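Reckoned from all heavy atoms, side chains included, excluding hydrogens, waters and symmetry mates. We name chains A, B, ... by the order of the sequence lines, and we start the count at 1 in each one.
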There are 4 protein chains.
Amino acid sequence: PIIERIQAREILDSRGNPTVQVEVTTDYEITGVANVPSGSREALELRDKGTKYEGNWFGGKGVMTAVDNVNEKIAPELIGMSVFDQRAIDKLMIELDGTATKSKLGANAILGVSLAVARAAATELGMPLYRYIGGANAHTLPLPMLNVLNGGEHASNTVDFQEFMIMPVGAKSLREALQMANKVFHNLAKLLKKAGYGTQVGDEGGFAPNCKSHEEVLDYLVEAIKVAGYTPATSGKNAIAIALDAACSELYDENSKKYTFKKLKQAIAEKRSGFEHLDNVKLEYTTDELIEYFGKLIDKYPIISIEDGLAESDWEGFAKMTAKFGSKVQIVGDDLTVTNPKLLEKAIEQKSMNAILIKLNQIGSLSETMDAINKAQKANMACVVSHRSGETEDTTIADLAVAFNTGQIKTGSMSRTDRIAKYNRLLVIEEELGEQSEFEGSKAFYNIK
Amino acid sequence: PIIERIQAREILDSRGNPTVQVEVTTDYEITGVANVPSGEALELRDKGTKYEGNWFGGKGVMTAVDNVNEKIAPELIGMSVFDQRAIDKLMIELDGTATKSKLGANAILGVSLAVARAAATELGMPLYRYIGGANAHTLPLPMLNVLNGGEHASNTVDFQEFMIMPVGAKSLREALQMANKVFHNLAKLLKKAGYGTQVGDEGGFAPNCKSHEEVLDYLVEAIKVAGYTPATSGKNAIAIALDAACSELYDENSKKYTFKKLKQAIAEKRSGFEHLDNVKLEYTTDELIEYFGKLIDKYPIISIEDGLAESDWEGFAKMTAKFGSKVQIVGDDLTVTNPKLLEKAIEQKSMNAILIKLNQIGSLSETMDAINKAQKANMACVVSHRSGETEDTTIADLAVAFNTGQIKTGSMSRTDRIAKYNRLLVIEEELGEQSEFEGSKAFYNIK
Amino acid sequence: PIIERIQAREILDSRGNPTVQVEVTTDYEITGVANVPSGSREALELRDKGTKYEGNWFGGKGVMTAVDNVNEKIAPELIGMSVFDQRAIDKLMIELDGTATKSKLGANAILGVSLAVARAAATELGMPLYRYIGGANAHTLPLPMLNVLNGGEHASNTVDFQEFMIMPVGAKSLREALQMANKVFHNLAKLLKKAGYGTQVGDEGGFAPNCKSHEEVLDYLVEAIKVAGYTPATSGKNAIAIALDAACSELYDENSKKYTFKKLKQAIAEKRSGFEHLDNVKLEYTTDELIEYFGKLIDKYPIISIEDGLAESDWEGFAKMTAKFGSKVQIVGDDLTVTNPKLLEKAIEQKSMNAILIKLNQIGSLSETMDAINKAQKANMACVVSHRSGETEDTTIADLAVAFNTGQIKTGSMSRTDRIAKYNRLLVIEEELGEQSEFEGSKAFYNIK
Amino acid sequence: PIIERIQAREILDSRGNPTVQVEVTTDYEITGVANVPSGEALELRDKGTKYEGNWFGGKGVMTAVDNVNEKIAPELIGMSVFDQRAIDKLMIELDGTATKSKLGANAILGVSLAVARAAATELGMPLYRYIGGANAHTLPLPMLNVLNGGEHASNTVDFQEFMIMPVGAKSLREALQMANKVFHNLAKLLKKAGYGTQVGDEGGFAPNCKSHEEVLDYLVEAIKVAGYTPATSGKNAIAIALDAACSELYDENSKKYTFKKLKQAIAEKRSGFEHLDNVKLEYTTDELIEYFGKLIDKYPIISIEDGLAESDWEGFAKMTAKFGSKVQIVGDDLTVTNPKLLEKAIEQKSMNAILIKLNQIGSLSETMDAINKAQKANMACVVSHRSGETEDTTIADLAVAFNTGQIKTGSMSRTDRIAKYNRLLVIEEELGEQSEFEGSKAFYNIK
């Protein structure tokens, strides 16, 4: 159990940019290896711009500074500690850095060590990582929300919301959930190709076809669900629901306090070819008008969850949206809370939301992540354990979702191994648990009043 | 060392379709796990079975999974995990067909690779050392498929893969830095031109360019903007490799090769394709060879894969005779990792390199035999991914095991490709000063 | 795996002269033992002439200086290293010596350590040495070429070429190959005795009868093959072929650029008793005339391989011989290349030959030997792994030939344990592989265009 | 310690003929391997069996190999590898014949020795300590057969072995240095005289000398040129030992000993044999004893083996009575390592030393009994090779195990001989200052 060696190295993530890998070796010659994902009160990832390492990689995105911090600063302080004292190791690193955002050592240096220690501990015990993290009753597979159609910034279409996801609520196992999602995904590809749209994929394995509006995108999701043989609905036999990430911080103007469907507005202003039947669509929204817009979408489509429906500074708007729709619809904070302990405490106090996205590398240590999950769950919030845009072959978030029986995960569309590797890990966990496992579709939403 | 348990299960590949994973457990409670890729030996899927409805298109592999658990595993329990060749022979004979069509190539390869991984782990030895011995030490020069055309792409680019090869690198780490800088500068160039930069199965871009030459011109421009020199050798050099995939363009009755997608766009008078009515679209074998000669003269092309169709043996031999002292000529569809076709290619001097795809032959022992034979014939072995990959990184250890000098495992995005590059980075670090990276000297096959 | 002790000692070789043995012991108390064989760009073996050890043994041939170099200079640098890092250990020794020919420490000091390390590593893993060196597909037994009739310098007969070998190409296993060679060897002894010739043996276990010409020697080989029940031929059922080592550096004059059959010429000049029917035989040859002489022998006899048909300085001659005969006959470099990396690169570039003899102690380390085999095989050359005149009970070259599936070995006639021990090791390897083994007779020559 | 597996196989000896190797594996996965030499207990070969055609002359031993694997091994699995005497007794009784003619002496000895080697290795103990106990420490004085005659040699030298014995050495290492210097100087002398220096089965020379005296004169000259003194004791002394092998020269009906090869050369008036018509060629027992007396007076002869024929018991007793207080008298053919013949020789004072050949009696336990008995009778035990040897070095450990003081294992060339000297060098190094080498005091049997 005693840490004998800690070695960090620079590897690459799924977008082709550098990230940190750490290997921890114990005195029993057992090793744990972990990688750090990559995507402003959040913990600071350290890159090589402004150092002698800047030219190694495009955009100065090397992480050799963080790698050096692990090998030269963190590792000498931890050699000799028990690999099982997760909270003590994380506290030591937090205090060694000494800043609120982990800006001296780098959140990516600290998290890499934090996760590699936990993996080494679990391997030394011969215990599944989800049991090491969550204990003897870690047994519930998560309902996935899969980002199969894409808009927002980074997408050249005029779809201003960012993520349009399916959630196979009618499934009775994780394996069945993935079968349902597989059939919807490949039928969606076939519908888009037949319509003349492209079916190459974005960072998370989903499509960004040149659709003109939110409603066109949602209409494709409903049609793909039906053609696959399923029912668009938020509960029931054979049901598949829809989840959104509106990412509305990207659409908001803090001075006007208006939200704008920016790319669609620009296309209409340019009098672009196919955009005249959308000439009198509303493009600019107060907070209350946008909540009304979400209410209309909720009426029309089987929407079960909406993430970042308002901007990260619109605390009053979030609490109004949660008061109005939260007895029927999950309201998730992402940019609102950035996995930050103090913002989670405020969201609980103000009833800003009823679910939180959990991003390990936004807070920077496993212990702090466990504290956040414990606190949110006790506040009747759902914890949606999340990937980042830049992922790796590391599957820790699969074990993390089972460890705390979270009931939900957001880890990508049905393509790219940076996403699919997590689903494979969940398939293996479900097999190993056997009849000890549980899966809730509709009943996963214990947070919906 | 004694095999105690073999368990197959159904997982998913990088295209969202099912594939096989196998876990082998020894005597000593050591386990090896391996996954099977998917793109000649037959991969068995679930159409026509009780399992057909499980997944889109009937693409489940539970029939193959059952074949591992119920047919193969009882025959192997009790054998030593170190007798790789004896285990592979037993499975080959249990199936009893040339194409492994009874058990499935995906059932057999899954077990083959999981046994080898279990053996290496039980010995405490890196997989490349277990497979290739004490002198497994040479990191491969990667060819990265950053621009895409062919049958699966919506553009009019009829050839399939346009790759960069960073021949000027002095390490695998430097090779990936060079490729990273070209890839991200390429994306910037394409976006500024109004093309899209979503990616295909292998992590590369399929922009709506109008011709092979336009695609090649973007690679040269991205190489230069990234600070490197477009060249087949020398300091700071980055070269180009092609997969023409010309079986897809060939008509076996007319004996012509057609740039089909471009021909169709021009015919329907698609917008932005004016002034192309004089472009040559139809080539005999000899005309197409002269067309490759034109590209070789103009661009820093170091390798061409499947420049002719899988039936055009006479054409391959002519191409290799004409260009093979300066350009690598790779068979893919020509040989499909098949022992009798490799023998034919050696005897006829059809090519001077071969693509190595484990799941096209179906066992590790037969793949090792093929590599031994091809290297002894002065051919390069380009160890290859498939379009459907997983998080398994066996092909990285295989390329180092036989000091192959070359690998083809994807563009610079998607973890189904990047995981292999990460494994190579780890191998190079582990070897330290014992490692070698040969660069332009990797091409020992070029006369 | 950690090296804990290295001990060199002086032993004796099969000619009765000293050589080096090294024993490596790991921290698991596993030991590997290796011996160095003994036979000018080749690596330098260090002997005791000119030291206080010169009088220990005849001719100053002691190796205690090299033994001291192992125990006092090499061993302290390697204690603590992993026995599995073969390339790093060999590089350390090469750099410690610092000269191109290993002249400071001695090639025999360096190789002894190099081989003992590899044997210790393989034993610690419980792995056969051929699998440790060559990996999981090391499985092909070599076709042996056996030196059963002898001439050259060292032989008192008037046979000027050096080695006249049989190669049992029709065999389907190594065991069958040795049975074929056994029957030919003992029938040859019986033919020579019946003719009045002696049947004592030379260094490699073969006979040097008082034959008068190359043709008389070849005629005996053909007759022994026939009387044994086999067919003199380069391929086919029951075939036994002939291989030559002409050792023509010994016959060449660099100033006249002529090759001379020296001992036969001298006998004819002296008008010796039985040498008048050979009065108008040609004795002096240009390079082209000697190639013509080899062409006549190839026409008349089942010659499948010719080693050192031209002198080590006759690069143009070698490439002419390989161009003329290399699509039918193996052309082997021995003195031409002396297992030297730079001379191998030149032979590949100039197409000087299509096979190379591999002598571990001519280059001086296992890592360099593996590099040479890798490079030659990739250049479509055969690697004939070779003994030296002075051998020991060490059988490393048997495992080396299987490790790289070389297909050929040259390790002596069918007598003397310095040769037979290698054949016994090959018999044990073939038994242990079982049906996993391969043996090619004719098809071993993948290098013959 | 429990025997788990016994495997015999067919290997080759130093003359190119088949012999037996046996591998014994214990409980603890420890293995011992032993080989059987070949030149009284019967060695079983393959004439008359299905295996006869495998090797020249029908000399295969697969019948003996099958006897180990199929008959002996099942009887021994489960016994303790340390009970050497019980294992040897079981095999002796399973065979049930005096000469081991049912299983073969080569089957039984192979197992006997492999068991002992496995036991020693499992204990971590040197083989000489396992066989002989804590006081096994004395390196033997070697007698080296550097000049050769007799039945298997083409010269006219009728006696068989002319050996040097470096009695002046103070260590085994020094003994081998002395022998090395004599051997290579002998070769130089023979070559300068126009004789050949190829070697026989035991690594020595059979030059075409004309008489025993000419051979002895070359040994004396080589000793002197090498810098040593021809003498039976003293500093820098090197002595001579003979094997006359006089059974080969004897006619049991006439009771004469004939120098047959010389007699024939002289009769056919061979060239270079003139002026020899008066040489004595035919000897009674008493005349031959007087002839040995002549040689003993002239040359530094310290030992004579088989000076009379195996049937000439009365002659041996006369020779030993006459010369035995100054010269060792060794039985070889007289006793063939046979317990009843050794008893007869002790009772009749036929000799004062015995050659010990493991495979002539057929088991390690019976050989140990014979050595115990002979040493207690004040006889030297000269542990001996056979003409057909292998890389096995058991006889080196056997000579140290019983502190025999003497070994006969070949000239100074051929690894079938030199391997034994190398093992002795290693033993002497391992013992360090605990070792002893006795030199002229090795001859505790000489009154």
Side-chain angles (χ1 to χ4, degrees), chain A residues 25 28-31, chain B residues 1-2 26-28 30 80-84 116 118-137 430-431 434, chain C residues 1-8 21-35 70 74-75 77-90 92-93 111-136 138 365-367 370 394-396 398-400 402-403 425 428-429 432, chain D residues 23 25-26 28-33 118 120-124:
Chain A
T25 308
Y28 289 7
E29 264 307 318
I30 298 297
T31 66
Chain B
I2 295 310
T26 73
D27 220 322
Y28 284 22
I30 296 311
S80 169
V81 75
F82 300 129
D83 289 337
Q84 183 72 40
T121 301
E122 185 166 310
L123 289 160
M125 170 178 349
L127 181 62
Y128 55 94
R129 287 280 299 264
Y130 179 71
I131 295 175
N135 215 38
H137 75 287
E430 287 184 0
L431 286 166
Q434 297 174 118
Chain C
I2 299 314
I3 296 179
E4 265 197 358
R5 178 170 36 266
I6 299 180
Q7 166 69 7
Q21 172 172 107
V22 180
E23 179 179 339
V24 167
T25 308
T26 72
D27 62 337
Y28 290 7
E29 264 307 318
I30 298 297
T31 66
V33 180
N35 302 330
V70 176
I74 296 173
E77 302 304 321
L78 304 177
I79 304 308
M81 298 186 64
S82 171
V83 82
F84 300 127
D85 292 341
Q86 182 70 41
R87 287 179 61 80
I89 284 160
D90 283 337
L92 186 156
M93 292 194 284
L111 183 67
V113 176
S114 186
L115 296 182
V117 165
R119 293 202 160 251
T123 299
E124 183 167 310
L125 288 165
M127 178 177 347
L129 181 64
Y130 59 94
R131 290 278 302 265
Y132 179 72
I133 295 179
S365 68
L366 180 62
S367 292
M370 297 190 291
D394 181 284
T395 60
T396 301
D399 287 78
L400 185 65
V402 180
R425 173 65 184 153
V428 173
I429 291 174
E432 161 186 313
Chain D
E23 182 172 332
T25 305
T26 73
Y28 284 22
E29 289 281 86
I30 296 311
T31 66
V33 176
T121 301
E122 185 166 310
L123 289 160

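Residues B:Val81 and B:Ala119 come closest through the heavy atom pair O-CB, 3.7 Å. Shortest non-hydrogen contact noted between C:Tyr130 and C:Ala138 is O-CB, 3.5 Å. Considering every non-hydrogen atom in both C:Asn35 and C:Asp394, the closest pair reads N-OD2, 3.1 Å. In terms of heavy-atom proximity, C:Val70 sits nearest to C:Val113 at CG1-CG2, 3.6 Å. The minimum heavy-atom distance linking C:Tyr28 with C:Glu124 is given by the pair CD2-OE2, 3.6 Å. Smallest separation of non-hydrogen atoms from C:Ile30 and C:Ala120: CG2-O, 3.8 Å.
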query = Going through the distances and angles, do C:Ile79 and C:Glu4 end up as a side chain to side chain contact (heavy atoms under 4.5 Å, CB included)?
reply = CA-CA 5 Å; C:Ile79 304 308; C:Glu4 265 197 358; 5.5 Å; no

Side chain to side chain contact (heavy atoms under 4.5 Å, CB included) between C:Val22 and C:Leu115, intermediate numbers included = CA-CA 8 Å; C:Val22 180; C:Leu115 296 182; over 6 Å; no

request  = Begin from the C-alpha positions of C:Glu29 and C:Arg5 and carry the test salt bridge (charged side-chain N to carboxylate O under 4.0 Å, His left out) through to its verdict.
outcome  = CA-CA 10 Å; C:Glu29 264 307 318; C:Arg5 178 170 36 266; 3.6 Å; yes

ask   = Would C:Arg425 and C:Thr396 satisfy side-chain hydrogen bond (donor to acceptor under 3.5 Å, both in side chains), going step by step from the backbone distance to the final call?
value = CA-CA 9 Å; C:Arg425 173 65 184 153; C:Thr396 301; over 6 Å; no

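With rounding to the nearest 0.5 Å, the separation of OG in C:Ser367 from NE2 in B:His137 is 8.5 Å.
Between the side chain of B:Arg129 and the backbone N or O of C:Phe84, at least one donor-acceptor pair lies under 3.5 Å. Between the side chain of C:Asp27 and the backbone N or O of C:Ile2, at least one donor-acceptor pair lies under 3.5 Å.
Using a 4.5 Å heavy-atom threshold, the side chains of C:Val24 and C:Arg119 count as separate. Contact check for C:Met81 versus C:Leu92: side-chain heavy atoms found under the 4.5 Å cut-off. With contacts defined as side-chain heavy-atom distances shorter than 4.5 Å, the pair D:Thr121/D:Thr31 does not qualify. Counting only heavy atoms from C-beta outward, the side chains of B:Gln434 and C:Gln86 never approach each other to under 4.5 Å. The shortest side-chain heavy-atom distance between C:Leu366 and C:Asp90 falls under the 4.5 Å cut-off. Between C:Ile3 and C:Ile89, some side-chain heavy-atom pair lies under the 4.5 Å cut-off. Side-chain atoms of C:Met127 and B:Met125, non-hydrogen and from C-beta on, do get closer than 4.5 Å to each other. Between C:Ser365 and C:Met93 the shortest side-chain heavy-atom distance does not fall below 4.5 Å.
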